[PDB]
Amino acid sequence: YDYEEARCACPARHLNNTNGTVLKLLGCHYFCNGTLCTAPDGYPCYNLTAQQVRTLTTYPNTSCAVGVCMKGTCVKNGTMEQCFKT
Amino acid sequence: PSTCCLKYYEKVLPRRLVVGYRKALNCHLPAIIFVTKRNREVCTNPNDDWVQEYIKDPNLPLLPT
């Protein structure tokens with residue numbers, strides 16, 4: 001067993017969407033066994049404002065900025081879609 | 001199925017350590033998730049030969065989420 005290999009190889013909760021596209025990470029980071037992990041460059045993400053996060057529900061009502069992770073920053077690509085939690 | 005893998009564990013997980021598995025294929029990075037006796041979830045590549053060998057083993061159960 002290789003603790004370094006496994007460290008960031010755990011699944012993470014994603015946000016869902018109403019339009020059939022790939023599930024995306026909120027931001028570019030996730031938690032695995034007490035480690036803060038960084039999504040790989042290219043990973044699909046949502047770039048939400050502080051207030052969008054606070055008011056994000058299980059209900060589709062937030063218009064969510066799609067992005068691409070680059071060096072741990074969710075770089076917006078201009079696409080919007082309705083995203084929600086599970 | 002809201003939980004998806006972002007990185008693969010690139011080595012062969014010792015089979016002794018594995019309790020069961022789950023599938024997380026409908027994701028940006030499709031994966032087989034093995035769950036260990038220490039209740040760690042390990043993302044793996046469905047294309048690796050050892051991963052397909054483990055999941056076809058009748059003694060290794062599919063875990064409900």
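Values below: every heavy atom of this structure, side chains too, minus hydrogens, waters and symmetry copies. Order of the sequence lines fixes the chain letters, A, B, ..., with proteins taken first and strands second; residue numbering starts at 1 for each chain.
If you look at B:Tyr21 and B:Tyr54, their ring centroids are not closer than 6.0 Å. Side-chain rings of A:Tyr43 and A:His14 approach one another, their centers coming within less than 6.0 Å.
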Query raised in the report: How far apart are the C-alpha atoms of A:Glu5 and B:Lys7, what are their side-chain angles, what is the distance that settles it, and do they pass the salt bridge (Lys or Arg N to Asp or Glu O under 4.0 Å) test?
Result: CA-CA 9 Å; A:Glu5 277 290 298; B:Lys7 176 183 109 203; 5.5 Å; no

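Options B:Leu17, B:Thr36, B:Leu6 differ in how many heavy-atom pairs under 4.5 Å they form with chain A, and the most are formed by B:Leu6.
For the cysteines B:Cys5 and B:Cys27, the sulfur (SG) atoms lie at a distance of at least 2.5 angstrom from each other.
When heavy atoms are compared at a cutoff of 4.5 Å, B:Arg22 does not approach chain A at all. Contacts of B:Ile33 with chain A are made by side-chain atoms alone, with heavy-atom separations under 4.5 Å and no backbone atom involved.
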